[PDB]
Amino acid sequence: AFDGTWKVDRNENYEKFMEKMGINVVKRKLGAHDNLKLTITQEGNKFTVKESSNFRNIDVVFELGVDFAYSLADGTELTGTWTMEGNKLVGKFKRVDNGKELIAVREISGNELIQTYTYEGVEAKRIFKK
């Protein structure tokens, strides 16, 4: 259901989320316009996500329910797991550096992929079109 090539269309509250994550103003302004594109293929409970943005092009592979390591654009390391909760992908991560929870949720809403982040009580959404 998540399959295909998704290109970011708009954000909600993403600058405040980046600020909470400790990102400086220049990098927030870059991050607001990162041209994030996700190419997602699901095979059984296994996903491959090609992440392309102005910061980096990387390939992510994960299996539902299996812990993996993932590094953010500035090298900040996360560990966590994606699971399917109803029709939503729920990504439960923790920052290695401070142990704090970072959650990502992926959902289809109509013809859009809604990617929601939470960190320390601050929400952001990045909404993609296919």
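One-based numbering along the sequence shown.
Where do the C-alpha atoms have the higher mean temperature factor in this entry, in 18 to 26 or in 109 to 117?
Stretch with the higher mean C-alpha B-factor: 109 to 117.
Taking only the CA atoms, which stretch has the higher mean B-factor in the record, 80 to 88 or 34 to 42?
80 to 88 has the higher mean C-alpha B-factor.
Ranking every modelled residue in this chain by its Cα temperature factor as given in the entry, which third contains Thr48?
It falls in the top third of the chain.
Relative C-alpha B-factor of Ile58, binned into the chain's lowest, middle or highest third
Within its chain, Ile58 is a middle-third residue by C-alpha B-factor, going by the deposited values.
Going by what the PDB entry lists, where does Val96 fall on CA B-factor within its chain: lowest, middle or highest third?
According to the entry, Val96 has a C-alpha B-factor in the chain's middle third.
Third assignment of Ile127 from its chain's C-alpha B-factors:
It belongs to the middle third of the chain when residues are ordered by C-alpha B-factor.
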